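Only one chain comes next, encoded as structure tokens, the form deposited in one PDB entry.
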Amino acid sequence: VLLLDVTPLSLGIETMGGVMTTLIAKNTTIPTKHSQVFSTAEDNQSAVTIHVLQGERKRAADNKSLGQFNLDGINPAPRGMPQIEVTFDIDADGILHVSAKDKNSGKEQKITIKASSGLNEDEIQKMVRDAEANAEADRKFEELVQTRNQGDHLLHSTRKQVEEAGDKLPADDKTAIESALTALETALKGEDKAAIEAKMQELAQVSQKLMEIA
């Protein structure tokens, strides 16, 4: 063949922490289809918003927004348990079909994004060069987000285990845990990845009695 219909940029969705997660890679030949199962980032979430992105930047806000839609009717469950299957499907028409499906409630929502959406040829090259020019900063952000998300799970799991523990946890330790939790929460708001890591370790340090109780 002398030519191919290909994606000139990555297509994906925004995920926890404000990152773009890619579903169809840059330079994928069409037709193509890809599905992936995701879950929730907190306990009892009843709906999710699927924010569709085009581009090459790691921070979702720096990509081109193609659309969004909701999937509601998610049964309340602990975080990470619901199964939300997100499908990107682009056939020869160059129309992007995005669906999200709750594999338990069976509820599904879909949208279509026409061939003309997203960046034009000039904006496509600028986006590729902006990605290049900011590669440094983009990778730091990706690593910081992975660390943030890991700290967030630890914070929230520790808080659950304190609840289940009740008066079984010594007042002394309960107070020391609560302190470390607050410090980690503070470190999470910042941009210093090592500081989050030290606060994760410091919280696990004071949790020994808590972990035995569980």
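When you see a residue number, it is the position in the sequence shown, counting from 1.
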Legend entry - Between 75-83 and 94-102 (mean CA B-factor, as deposited), the higher: 75-83
Legend entry - Mean temperature factor over C-alpha atoms, higher-scoring stretch between 45-53 and 155-163: 155-163
Legend entry - Lowest, middle or highest third - CA B-factor, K64: middle
Inset, instruction - Please place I124 in the lowest, middle or highest third of its chain by C-alpha B factor as given in the entry. - result: middle
Legend entry - Within-chain third of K140 by Cα B-factor, per the entry: highest
Inset, instruction - Determine, from the deposited record, the chain-internal third of the Cα B-factor for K58: lowest, middle or highest. - result: middle
Inset, instruction - Could you look up the Cα B-factor of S116 in the entry and say which third of the chain it sits in: lowest, middle or highest? - result: highest
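What comes next is about the form deposited in another entry, which does not appear here.
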Legend entry - Hinge assignment for the rigid-body change between this form and the one not shown, options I84, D91, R148, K126: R148
